[PDB]
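A lone chain, given as structure tokens: the form deposited in one PDB entry.
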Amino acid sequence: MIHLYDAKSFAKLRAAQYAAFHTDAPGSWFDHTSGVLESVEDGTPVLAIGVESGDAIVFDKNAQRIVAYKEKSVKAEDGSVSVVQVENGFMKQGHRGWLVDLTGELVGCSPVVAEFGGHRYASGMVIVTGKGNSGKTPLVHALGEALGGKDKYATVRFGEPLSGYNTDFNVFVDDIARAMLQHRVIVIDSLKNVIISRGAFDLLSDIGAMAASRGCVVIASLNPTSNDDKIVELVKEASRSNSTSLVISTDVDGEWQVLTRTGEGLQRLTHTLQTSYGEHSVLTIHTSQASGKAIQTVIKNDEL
């Protein structure tokens, strides 16, 4: 909805956003939203995501698709009215994204999803990319394991010519929706094929906000390697504007840079990661700050 501010309430908002990343207990936001979702009336639509055509499918708190749901209006705090209607498996009225309020007045945050090796990581969408030899797939799985911590991470597989990989975009959004409804740490192996259908465009523009609202993190690999400035520029835009965090390889094999947006209007942070391979390509991230817009575009230059 829309929110109104004066100097006092605005400074309070920035303090709360700053805290959502810097001082809240890691993963606390996810626990909170899990609670909100479980308290939802059974059968109530909670999430809508776009399919290939641009239409939207809808899920309930248990990640089950809602094929029929009669028009139901709810008036928001600001006066706006939300209408949700599902017919023949598709959204007749409503919008893409969360259909129930998980945030309230606390918007514009990058809720801390986990802490690892002395660094806080943000929920939302993390794009792992870059040119060079450092492998992306091995890195997204290591990050998944590390941010997972005590919890297992969920893996969504899409669009790679390997066994058992789904390549149908509509099955893909279903897997993603289920993952975000049920897990805090999610890995997507290959955003490459979404990079375009209406649904694919909606996905790139919606996923970061969906994840950040839930307090979960979606870690996705994206190979820039493609000298087609129509696509390479989309890679740079996806990484620049649709990602909450960016993990990009460097000049040194095994080394990566993490650039994190800490919240609305706040500074991006940066830190370096050292990694090494064990058996069967299992990668390990070794354990034992603020950057400006200029530095950011310098990094984006890497993908050309």
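For every residue, the number given is its place in the sequence shown, counted from 1. Think of the rigid core as the biggest set of C-alphas that the two forms share within 1.5 Å after superposition. Residues that one form lacks are left out of the comparison.
Just so you know, the form deposited in another entry exists too; it's not on screen, but the next bit is about it.
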Only one of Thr167, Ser73, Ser80, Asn133 passes the 2 Å C-alpha shift threshold between the shown form and the other one with the rigid core fixed, namely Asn133
2 Å or more on the CA of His271 between the shown form and the other one, with the rigid core superposed, yes or no?
no
- With both forms fit on the core, is the shift of the CA atom of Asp228 between the shown form and the other one 2 Å or larger? yes
- Message: After a rigid core superposition, would you say the CA of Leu47 moves by 2 angstroms or more between the shown form and the other one, or not?
- Response: no
One pair moves by 3 angstroms or more in that other deposited form: the C-alpha atoms of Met210 and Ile231, which are farther
Relative to the shown structure, Cα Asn133 and Cα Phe158 in that other deposited form (3 Å or more change) are closer
Residue runs (3+) with all C-alpha shifts of 2 Å or more between the shown form and the other one, core-fitted, in sequence order, are 132-134, 227-238
